[PDB]
Every structure is written in structure tokens, then in C-alpha cells.
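Novice: Got a file for you: target24.txt, compact mmCIF, C-alpha atoms.
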# COMPACT_ATOMS: atom_id res chain seq x y z
CA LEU A 2 92.74 98.51 119.40
CA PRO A 3 91.62 101.19 116.90
CA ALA A 4 94.24 102.29 114.37
CA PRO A 5 95.28 105.98 114.27
CA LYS A 6 93.40 108.07 111.70
CA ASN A 7 93.86 111.09 109.44
CA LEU A 8 97.59 110.94 108.71
CA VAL A 9 98.81 114.22 107.25
CA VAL A 10 102.33 115.19 106.20
CA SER A 11 103.16 118.80 105.33
CA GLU A 12 106.14 121.15 105.12
CA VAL A 13 107.12 123.17 108.20
CA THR A 14 109.83 125.77 108.88
CA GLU A 15 112.04 125.36 111.95
CA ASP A 16 115.60 124.77 113.17
CA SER A 17 117.25 121.47 112.24
CA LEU A 18 120.03 119.84 114.25
CA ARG A 19 122.51 117.01 113.62
CA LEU A 20 124.17 114.50 115.96
CA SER A 21 127.42 112.83 114.90
CA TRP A 22 129.29 109.87 116.40
CA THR A 23 131.97 107.24 115.78
CA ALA A 24 131.73 103.47 116.21
CA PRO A 25 133.55 100.27 115.12
CA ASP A 26 132.35 98.81 111.81
CA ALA A 27 129.83 95.94 111.93
CA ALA A 28 129.81 96.12 115.74
CA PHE A 29 126.20 97.12 116.36
CA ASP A 30 123.00 95.98 114.66
CA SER A 31 121.54 99.41 115.43
CA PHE A 32 121.91 102.66 117.37
CA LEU A 33 119.41 103.78 120.00
CA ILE A 34 118.99 107.56 120.04
CA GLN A 35 116.99 108.35 123.17
CA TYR A 36 116.47 112.08 123.67
CA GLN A 37 114.24 114.13 125.97
CA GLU A 38 113.75 117.67 127.27
CA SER A 39 115.83 118.13 130.44
CA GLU A 40 113.68 117.57 133.54
CA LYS A 41 110.34 116.86 131.85
CA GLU A 44 108.17 111.97 127.74
CA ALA A 45 111.33 110.69 126.04
CA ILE A 46 111.64 109.87 122.34
CA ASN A 47 113.34 106.59 121.41
CA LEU A 48 114.40 106.12 117.79
CA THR A 49 116.47 103.41 116.11
CA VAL A 50 118.77 103.87 113.11
CA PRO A 51 120.61 101.05 111.28
CA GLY A 52 124.06 100.12 112.58
CA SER A 53 125.74 101.56 109.49
CA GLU A 54 124.65 105.10 110.36
CA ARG A 55 127.03 107.62 111.94
CA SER A 56 124.65 110.58 112.18
CA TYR A 57 121.01 111.58 112.59
CA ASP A 58 119.18 114.90 112.35
CA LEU A 59 116.58 116.21 114.81
CA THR A 60 113.65 118.65 114.73
CA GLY A 61 110.51 119.65 116.60
CA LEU A 62 112.61 120.94 119.48
CA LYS A 63 111.40 123.76 121.73
CA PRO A 64 113.43 126.98 121.36
CA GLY A 65 115.17 128.30 124.48
CA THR A 66 115.43 125.06 126.45
CA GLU A 67 117.76 122.16 127.22
CA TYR A 68 117.64 118.58 125.94
CA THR A 69 119.54 115.43 126.89
CA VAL A 70 120.68 112.85 124.33
CA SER A 71 121.91 109.31 124.96
CA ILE A 72 123.21 107.16 122.11
CA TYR A 73 123.43 103.41 122.67
CA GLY A 74 125.21 100.74 120.66
CA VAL A 75 122.89 97.78 120.20
CA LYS A 76 123.93 94.25 119.26
CA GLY A 77 120.91 91.96 119.26
CA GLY A 78 119.02 93.59 122.10
CA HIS A 79 122.06 94.27 124.26
CA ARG A 80 122.61 98.01 124.58
CA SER A 81 126.16 99.24 125.20
CA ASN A 82 127.22 102.13 127.41
CA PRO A 83 125.42 105.44 126.78
CA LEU A 84 127.12 108.12 124.69
CA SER A 85 125.47 111.01 126.51
CA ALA A 86 125.35 114.79 126.07
CA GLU A 87 123.18 117.85 126.69
CA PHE A 88 122.60 120.88 124.46
CA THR A 89 120.81 124.24 124.36
CA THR A 90 118.32 125.03 121.60
CA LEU B 2 130.61 96.23 124.34
CA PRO B 3 132.39 99.57 123.72
CA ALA B 4 130.33 102.76 123.69
CA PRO B 5 130.21 105.06 120.63
CA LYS B 6 132.48 108.11 120.91
CA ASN B 7 132.92 111.71 119.79
CA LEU B 8 129.34 113.00 120.03
CA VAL B 9 129.24 116.37 118.28
CA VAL B 10 125.98 118.27 117.85
CA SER B 11 125.98 120.89 115.08
CA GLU B 12 123.36 123.20 113.58
CA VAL B 13 122.06 122.32 110.11
CA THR B 14 119.72 124.24 107.81
CA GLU B 15 117.38 121.95 105.87
CA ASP B 16 113.74 121.08 105.15
CA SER B 17 111.66 120.01 108.15
CA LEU B 18 108.65 117.75 107.65
CA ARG B 19 105.79 117.17 110.10
CA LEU B 20 103.59 114.09 110.49
CA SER B 21 100.16 114.53 112.07
CA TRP B 22 97.42 112.12 113.15
CA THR B 23 94.36 111.65 115.36
CA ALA B 24 93.72 109.14 118.15
CA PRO B 25 91.27 108.63 121.06
CA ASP B 26 92.20 110.32 124.34
CA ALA B 27 94.63 108.26 126.45
CA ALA B 28 94.06 105.18 124.29
CA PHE B 29 97.74 104.36 123.77
CA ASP B 30 100.94 104.39 125.80
CA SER B 31 102.96 105.44 122.75
CA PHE B 32 103.08 105.59 118.95
CA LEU B 33 105.42 103.57 116.75
CA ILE B 34 106.51 105.68 113.79
CA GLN B 35 108.33 103.70 111.11
CA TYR B 36 109.65 105.07 107.81
CA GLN B 37 112.03 104.10 104.99
CA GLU B 38 112.60 104.64 101.26
CA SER B 39 110.10 102.80 99.06
CA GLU B 40 112.65 100.76 97.11
CA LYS B 41 115.02 100.25 100.05
CA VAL B 42 115.36 97.42 102.57
CA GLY B 43 116.98 96.89 105.96
CA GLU B 44 117.36 100.62 106.55
CA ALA B 45 114.04 101.46 108.19
CA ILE B 46 113.97 104.05 110.96
CA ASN B 47 111.70 103.02 113.82
CA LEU B 48 110.90 105.60 116.50
CA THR B 49 108.67 105.92 119.56
CA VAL B 50 106.82 109.00 120.81
CA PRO B 51 104.63 109.34 123.95
CA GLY B 52 100.97 108.35 123.56
CA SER B 53 99.83 111.93 124.13
CA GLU B 54 101.58 113.17 120.99
CA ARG B 55 99.63 113.76 117.79
CA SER B 56 102.61 115.02 115.80
CA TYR B 57 106.26 114.40 114.93
CA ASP B 58 108.82 116.30 112.85
CA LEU B 59 111.45 114.86 110.49
CA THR B 60 114.71 115.99 108.88
CA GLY B 61 117.81 114.60 107.17
CA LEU B 62 115.78 113.03 104.37
CA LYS B 63 116.99 112.68 100.78
CA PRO B 64 115.48 115.36 98.49
CA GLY B 65 113.32 114.22 95.57
CA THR B 66 112.72 110.79 97.09
CA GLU B 67 109.59 108.81 97.97
CA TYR B 68 109.38 107.43 101.50
CA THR B 69 106.80 105.20 103.19
CA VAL B 70 105.37 105.70 106.68
CA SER B 71 103.49 103.41 109.05
CA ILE B 72 102.22 104.55 112.45
CA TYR B 73 100.85 102.08 114.99
CA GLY B 74 99.10 102.84 118.26
CA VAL B 75 100.74 101.10 121.20
CA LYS B 76 98.85 100.03 124.33
CA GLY B 77 100.65 97.79 126.81
CA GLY B 78 102.68 95.27 124.84
CA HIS B 79 100.56 95.25 121.70
CA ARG B 80 100.04 97.44 118.64
CA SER B 81 97.06 98.52 116.54
CA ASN B 82 96.72 98.30 112.76
CA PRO B 83 99.10 100.50 110.73
CA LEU B 84 98.24 103.93 109.37
CA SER B 85 100.24 103.86 106.15
CA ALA B 86 101.00 106.55 103.56
CA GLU B 87 103.50 107.60 100.89
CA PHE B 88 105.25 110.93 100.38
CA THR B 89 107.91 112.53 98.19
CA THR B 90 110.55 114.92 99.55
CA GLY B 91 110.99 118.33 97.95
CA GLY B 92 114.09 119.42 96.08
Represent the structure of the file as C-alpha cells.

Specialist:
Amino acid sequence: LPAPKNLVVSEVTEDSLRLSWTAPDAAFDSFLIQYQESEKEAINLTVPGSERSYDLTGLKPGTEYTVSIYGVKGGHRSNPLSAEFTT
Amino acid sequence: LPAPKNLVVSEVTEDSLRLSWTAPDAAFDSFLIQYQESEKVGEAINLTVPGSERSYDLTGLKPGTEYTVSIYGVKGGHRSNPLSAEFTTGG
């Protein structure tokens, strides 16, 4: 399997967006933040269990997204903290 | 296991950073993007984007800080070699 090539990182101007949540201390090893454009290709990211927020970008203007936040201990995901927002 | 609570989404104004790359057509199911501070441990952010994507945008990073990225191509249940690089945030 050929590795990806030509990695480039550069500044870009767009709207940023933050998600906040509450959770018991030392309860989860990590948090699964699975978001996707409503009725569309989903993005699954994983932050450390000590985090209580994460910021998003690269979202299409004038549409709707759906976000589910899971509490993960080991590999066991808790119940989804779900929501939907308009960009 | 209890679910996290009080999900509030607010608008924030800050620097947005884009990662770009190239890959053969329909060669991978997804791409594993993994980044963390250079001198930090146990706080790496691993994310997964569809295998058709050739770009991903980032925010909420600490200004004036060097991070490290590694992007693997994912086909089936296996990954390719990493595409690693370093970068310093502005501010």
C-alpha cells in the first residue's frame, strides 16, 4: 500500500466552531466526536479523555450537520451525546 | 456507562489551518490523520476522513507551537506508511 504524498499545510480563512460538553473525571479514556453533513462520509475523531471541548472547521456554509459525542472506556462507547446545528 | 451532557455549540473566531495531500484514485477506504505537540505525550488527536478526501482543516491549536502530523492511507483493515511533517502555529 503506497503512502500518501505531497503533504502541504497552509493558512486558510473560514468560520471556526466549538463544541463543549461535561463528563465525570477519569471516566473515559477518550471521547469519540463523530460528525457528518445531515443526509449525505462521516468524520470520526478522538480526543483524550481529559478534554471537555473541541473546535471544528472545513464546514460547508448554509447547511446542516449532525454531531454525536461518545464516552469511550477501553473500546466500549457510551450513549451518544447528539445534536444538530446550522452553519 | 453514563453519556456526556450539556452539549453547547458556539461560534469562535480563530486561525484555521488546512492539510493537503495526494493519493491514487480509490486506493484507500479512509485516511488516518494523527497530530500532537512535539514535546507532548498521551494527548494525540487521531481522526478519520473518507478515502475520497484530499484535504482536512484544523482549529483550536495553541499559537506559537510546533505540532507533528502523520497521515496514513487506510485500505480494509491495514494502513500504509506514514506521511509525516512538522509545523508551527502562528501567533

Novice: At a cut-off of 9 Å, can you tabulate as a Markdown table every residue of chain B near chain A together with its closest atom pair and the distance in Å to one decimal, using only C-alpha atoms and ordering rows by chain then number?

Specialist:
| residue | atom | partner | partner_atom | distance |
| --- | --- | --- | --- | --- |
| B:2 | CA | A:81 | CA | 5.4 |
| B:3 | CA | A:81 | CA | 6.4 |
| B:4 | CA | A:82 | CA | 4.9 |
| B:5 | CA | A:24 | CA | 4.9 |
| B:6 | CA | A:23 | CA | 5.2 |
| B:7 | CA | A:22 | CA | 5.3 |
| B:8 | CA | A:22 | CA | 4.8 |
| B:9 | CA | A:21 | CA | 5.2 |
| B:10 | CA | A:20 | CA | 4.6 |
| B:11 | CA | A:19 | CA | 5.4 |
| B:12 | CA | A:18 | CA | 4.8 |
| B:13 | CA | A:18 | CA | 5.2 |
| B:14 | CA | A:17 | CA | 5.8 |
| B:15 | CA | A:17 | CA | 6.4 |
| B:16 | CA | A:14 | CA | 7.2 |
| B:17 | CA | A:13 | CA | 5.5 |
| B:18 | CA | A:12 | CA | 4.9 |
| B:19 | CA | A:10 | CA | 5.6 |
| B:20 | CA | A:10 | CA | 4.6 |
| B:21 | CA | A:9 | CA | 5.0 |
| B:22 | CA | A:8 | CA | 4.6 |
| B:23 | CA | A:6 | CA | 5.2 |
| B:24 | CA | A:5 | CA | 5.2 |
| B:25 | CA | A:5 | CA | 8.3 |
| B:28 | CA | A:2 | CA | 8.4 |
| B:29 | CA | A:2 | CA | 8.8 |
| B:34 | CA | A:48 | CA | 8.9 |
| B:43 | CA | A:51 | CA | 7.7 |
| B:44 | CA | A:51 | CA | 5.8 |
| B:45 | CA | A:50 | CA | 7.2 |
| B:46 | CA | A:50 | CA | 5.3 |
| B:47 | CA | A:49 | CA | 5.3 |
| B:48 | CA | A:48 | CA | 3.8 |
| B:49 | CA | A:47 | CA | 5.1 |
| B:50 | CA | A:46 | CA | 5.1 |
| B:51 | CA | A:44 | CA | 5.8 |
| B:57 | CA | A:61 | CA | 7.0 |
| B:58 | CA | A:61 | CA | 5.3 |
| B:59 | CA | A:60 | CA | 6.1 |
| B:60 | CA | A:58 | CA | 5.8 |
| B:61 | CA | A:58 | CA | 5.4 |
| B:62 | CA | A:58 | CA | 8.9 |
| B:72 | CA | A:5 | CA | 7.3 |
| B:73 | CA | A:4 | CA | 6.6 |
| B:74 | CA | A:4 | CA | 6.2 |
| B:75 | CA | A:2 | CA | 8.6 |
| B:76 | CA | A:2 | CA | 8.0 |
| B:79 | CA | A:2 | CA | 8.8 |
| B:80 | CA | A:2 | CA | 7.4 |
| B:81 | CA | A:2 | CA | 5.2 |
| B:82 | CA | A:4 | CA | 5.0 |
| B:83 | CA | A:4 | CA | 6.3 |
| B:84 | CA | A:5 | CA | 6.1 |
| B:85 | CA | A:8 | CA | 8.0 |
| B:86 | CA | A:8 | CA | 7.6 |
| B:88 | CA | A:10 | CA | 7.8 |

Novice: Mind giving me the straight-line distance from atom CA of residue B:63 to atom CA of residue B:90 in Å, one decimal?

Specialist: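 Distance between the two atoms: 6.9 Å.
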
Novice: Please, what distance in Å, to one decimal, runs between atom CA of residue A:26 and atom CA of residue A:77?

Specialist: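 We find that atom CA of residue A:26 and atom CA of residue A:77 lie 15.3 Å from each other.
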
Novice: Could you work out how far atom CA of residue A:65 lies from atom CA of residue B:52, giving the answer in Å with one decimal?

Specialist: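 Taking atom CA of residue B:52 and atom CA of residue A:65, their separation equals 24.5 Å.
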
Novice: What does stretch 46-78 of chain B look like written to a file with N, CA, C and O atoms, as a PDB file, in the first residue's frame?

Specialist:
ATOM      1  N   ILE B  46      -4.294  13.600  18.906  1.00  0.00           N
ATOM      2  CA  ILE B  46      -5.631  13.603  18.331  1.00  0.00           C
ATOM      3  C   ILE B  46      -5.658  12.804  17.033  1.00  0.00           C
ATOM      4  O   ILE B  46      -5.100  13.224  16.020  1.00  0.00           O
ATOM      5  N   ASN B  47      -6.303  11.643  17.078  1.00  0.00           N
ATOM      6  CA  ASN B  47      -6.432  10.790  15.906  1.00  0.00           C
ATOM      7  C   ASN B  47      -7.803  10.957  15.270  1.00  0.00           C
ATOM      8  O   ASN B  47      -8.824  10.860  15.950  1.00  0.00           O
ATOM      9  N   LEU B  48      -7.829  11.211  13.966  1.00  0.00           N
ATOM     10  CA  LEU B  48      -9.092  11.397  13.262  1.00  0.00           C
ATOM     11  C   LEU B  48      -9.142  10.609  11.959  1.00  0.00           C
ATOM     12  O   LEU B  48      -8.110  10.199  11.427  1.00  0.00           O
ATOM     13  N   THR B  49     -10.352  10.403  11.449  1.00  0.00           N
ATOM     14  CA  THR B  49     -10.550   9.618  10.239  1.00  0.00           C
ATOM     15  C   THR B  49     -11.458  10.330   9.242  1.00  0.00           C
ATOM     16  O   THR B  49     -12.594  10.682   9.560  1.00  0.00           O
ATOM     17  N   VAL B  50     -10.947  10.542   8.033  1.00  0.00           N
ATOM     18  CA  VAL B  50     -11.728  11.137   6.956  1.00  0.00           C
ATOM     19  C   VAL B  50     -11.883  10.137   5.813  1.00  0.00           C
ATOM     20  O   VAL B  50     -11.001   9.306   5.600  1.00  0.00           O
ATOM     21  N   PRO B  51     -13.016  10.200   5.093  1.00  0.00           N
ATOM     22  CA  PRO B  51     -13.288   9.342   3.931  1.00  0.00           C
ATOM     23  C   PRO B  51     -12.118   9.282   2.946  1.00  0.00           C
ATOM     24  O   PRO B  51     -11.385  10.259   2.796  1.00  0.00           O
ATOM     25  N   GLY B  52     -11.961   8.141   2.280  1.00  0.00           N
ATOM     26  CA  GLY B  52     -10.833   7.912   1.394  1.00  0.00           C
ATOM     27  C   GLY B  52     -10.865   8.690   0.091  1.00  0.00           C
ATOM     28  O   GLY B  52      -9.973   8.548  -0.744  1.00  0.00           O
ATOM     29  N   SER B  53     -11.896   9.508  -0.088  1.00  0.00           N
ATOM     30  CA  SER B  53     -12.004  10.347  -1.274  1.00  0.00           C
ATOM     31  C   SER B  53     -11.454  11.741  -0.989  1.00  0.00           C
ATOM     32  O   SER B  53     -11.191  12.517  -1.908  1.00  0.00           O
ATOM     33  N   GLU B  54     -11.280  12.048   0.292  1.00  0.00           N
ATOM     34  CA  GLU B  54     -10.798  13.358   0.710  1.00  0.00           C
ATOM     35  C   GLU B  54      -9.305  13.519   0.455  1.00  0.00           C
ATOM     36  O   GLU B  54      -8.530  12.578   0.621  1.00  0.00           O
ATOM     37  N   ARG B  55      -8.910  14.720   0.046  1.00  0.00           N
ATOM     38  CA  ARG B  55      -7.503  15.049  -0.134  1.00  0.00           C
ATOM     39  C   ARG B  55      -7.154  16.275   0.696  1.00  0.00           C
ATOM     40  O   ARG B  55      -6.145  16.935   0.453  1.00  0.00           O
ATOM     41  N   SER B  56      -7.998  16.573   1.679  1.00  0.00           N
ATOM     42  CA  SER B  56      -7.822  17.766   2.497  1.00  0.00           C
ATOM     43  C   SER B  56      -8.549  17.665   3.835  1.00  0.00           C
ATOM     44  O   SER B  56      -9.546  16.954   3.961  1.00  0.00           O
ATOM     45  N   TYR B  57      -8.035  18.379   4.834  1.00  0.00           N
ATOM     46  CA  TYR B  57      -8.700  18.492   6.128  1.00  0.00           C
ATOM     47  C   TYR B  57      -8.270  19.765   6.851  1.00  0.00           C
ATOM     48  O   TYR B  57      -7.101  20.145   6.814  1.00  0.00           O
ATOM     49  N   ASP B  58      -9.224  20.417   7.510  1.00  0.00           N
ATOM     50  CA  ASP B  58      -8.972  21.699   8.160  1.00  0.00           C
ATOM     51  C   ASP B  58      -8.932  21.576   9.684  1.00  0.00           C
ATOM     52  O   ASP B  58      -9.669  20.783  10.270  1.00  0.00           O
ATOM     53  N   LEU B  59      -8.070  22.368  10.317  1.00  0.00           N
ATOM     54  CA  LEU B  59      -7.861  22.286  11.762  1.00  0.00           C
ATOM     55  C   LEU B  59      -8.040  23.631  12.462  1.00  0.00           C
ATOM     56  O   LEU B  59      -7.763  24.682  11.886  1.00  0.00           O
ATOM     57  N   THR B  60      -8.497  23.581  13.711  1.00  0.00           N
ATOM     58  CA  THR B  60      -8.574  24.760  14.570  1.00  0.00           C
ATOM     59  C   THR B  60      -8.329  24.388  16.026  1.00  0.00           C
ATOM     60  O   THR B  60      -8.094  23.222  16.347  1.00  0.00           O
ATOM     61  N   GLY B  61      -8.389  25.384  16.903  1.00  0.00           N
ATOM     62  CA  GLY B  61      -8.234  25.162  18.329  1.00  0.00           C
ATOM     63  C   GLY B  61      -6.830  24.755  18.730  1.00  0.00           C
ATOM     64  O   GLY B  61      -6.634  24.109  19.759  1.00  0.00           O
ATOM     65  N   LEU B  62      -5.849  25.131  17.917  1.00  0.00           N
ATOM     66  CA  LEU B  62      -4.455  24.823  18.212  1.00  0.00           C
ATOM     67  C   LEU B  62      -3.792  25.965  18.972  1.00  0.00           C
ATOM     68  O   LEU B  62      -4.174  27.127  18.827  1.00  0.00           O
ATOM     69  N   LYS B  63      -2.797  25.627  19.786  1.00  0.00           N
ATOM     70  CA  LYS B  63      -2.064  26.622  20.558  1.00  0.00           C
ATOM     71  C   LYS B  63      -1.136  27.434  19.660  1.00  0.00           C
ATOM     72  O   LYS B  63      -0.316  26.869  18.937  1.00  0.00           O
ATOM     73  N   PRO B  64      -1.272  28.770  19.700  1.00  0.00           N
ATOM     74  CA  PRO B  64      -0.454  29.684  18.896  1.00  0.00           C
ATOM     75  C   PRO B  64       1.021  29.616  19.276  1.00  0.00           C
ATOM     76  O   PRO B  64       1.344  29.427  20.449  1.00  0.00           O
ATOM     77  N   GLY B  65       1.900  29.772  18.288  1.00  0.00           N
ATOM     78  CA  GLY B  65       3.333  29.735  18.520  1.00  0.00           C
ATOM     79  C   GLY B  65       3.801  28.407  19.081  1.00  0.00           C
ATOM     80  O   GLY B  65       4.585  28.363  20.028  1.00  0.00           O
ATOM     81  N   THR B  66       3.317  27.319  18.491  1.00  0.00           N
ATOM     82  CA  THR B  66       3.640  25.980  18.966  1.00  0.00           C
ATOM     83  C   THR B  66       3.883  25.040  17.792  1.00  0.00           C
ATOM     84  O   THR B  66       3.189  25.112  16.778  1.00  0.00           O
ATOM     85  N   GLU B  67       4.872  24.162  17.928  1.00  0.00           N
ATOM     86  CA  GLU B  67       5.171  23.190  16.885  1.00  0.00           C
ATOM     87  C   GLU B  67       4.418  21.879  17.098  1.00  0.00           C
ATOM     88  O   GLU B  67       4.536  21.248  18.148  1.00  0.00           O
ATOM     89  N   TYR B  68       3.644  21.477  16.095  1.00  0.00           N
ATOM     90  CA  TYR B  68       2.945  20.199  16.131  1.00  0.00           C
ATOM     91  C   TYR B  68       3.584  19.213  15.159  1.00  0.00           C
ATOM     92  O   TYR B  68       4.433  19.586  14.349  1.00  0.00           O
ATOM     93  N   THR B  69       3.167  17.954  15.245  1.00  0.00           N
ATOM     94  CA  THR B  69       3.660  16.916  14.349  1.00  0.00           C
ATOM     95  C   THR B  69       2.489  16.139  13.763  1.00  0.00           C
ATOM     96  O   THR B  69       1.604  15.702  14.494  1.00  0.00           O
ATOM     97  N   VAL B  70       2.482  15.970  12.444  1.00  0.00           N
ATOM     98  CA  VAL B  70       1.404  15.247  11.778  1.00  0.00           C
ATOM     99  C   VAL B  70       1.881  13.950  11.139  1.00  0.00           C
ATOM    100  O   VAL B  70       3.030  13.837  10.715  1.00  0.00           O
ATOM    101  N   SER B  71       0.982  12.976  11.076  1.00  0.00           N
ATOM    102  CA  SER B  71       1.242  11.719  10.388  1.00  0.00           C
ATOM    103  C   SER B  71      -0.050  11.231   9.752  1.00  0.00           C
ATOM    104  O   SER B  71      -1.031  10.969  10.446  1.00  0.00           O
ATOM    105  N   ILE B  72      -0.054  11.120   8.428  1.00  0.00           N
ATOM    106  CA  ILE B  72      -1.242  10.658   7.719  1.00  0.00           C
ATOM    107  C   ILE B  72      -1.012   9.329   7.001  1.00  0.00           C
ATOM    108  O   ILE B  72      -0.131   9.210   6.149  1.00  0.00           O
ATOM    109  N   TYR B  73      -1.813   8.333   7.365  1.00  0.00           N
ATOM    110  CA  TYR B  73      -1.720   7.007   6.772  1.00  0.00           C
ATOM    111  C   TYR B  73      -2.893   6.784   5.829  1.00  0.00           C
ATOM    112  O   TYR B  73      -3.993   7.284   6.066  1.00  0.00           O
ATOM    113  N   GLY B  74      -2.656   6.032   4.760  1.00  0.00           N
ATOM    114  CA  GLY B  74      -3.733   5.595   3.895  1.00  0.00           C
ATOM    115  C   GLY B  74      -4.301   4.301   4.443  1.00  0.00           C
ATOM    116  O   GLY B  74      -3.548   3.417   4.848  1.00  0.00           O
ATOM    117  N   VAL B  75      -5.624   4.186   4.468  1.00  0.00           N
ATOM    118  CA  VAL B  75      -6.262   3.011   5.052  1.00  0.00           C
ATOM    119  C   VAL B  75      -7.104   2.236   4.043  1.00  0.00           C
ATOM    120  O   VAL B  75      -8.103   2.742   3.532  1.00  0.00           O
ATOM    121  N   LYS B  76      -6.692   1.004   3.765  1.00  0.00           N
ATOM    122  CA  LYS B  76      -7.451   0.119   2.891  1.00  0.00           C
ATOM    123  C   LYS B  76      -7.781  -1.175   3.626  1.00  0.00           C
ATOM    124  O   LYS B  76      -6.885  -1.917   4.030  1.00  0.00           O
ATOM    125  N   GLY B  77      -9.071  -1.440   3.797  1.00  0.00           N
ATOM    126  CA  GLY B  77      -9.512  -2.604   4.542  1.00  0.00           C
ATOM    127  C   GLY B  77      -9.231  -2.438   6.022  1.00  0.00           C
ATOM    128  O   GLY B  77      -9.749  -1.522   6.661  1.00  0.00           O
ATOM    129  N   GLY B  78      -8.403  -3.322   6.567  1.00  0.00           N
ATOM    130  CA  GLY B  78      -8.043  -3.257   7.971  1.00  0.00           C
ATOM    131  C   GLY B  78      -6.560  -3.019   8.169  1.00  0.00           C
ATOM    132  O   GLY B  78      -5.994  -3.384   9.200  1.00  0.00           O
TER     133      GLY B  78
END
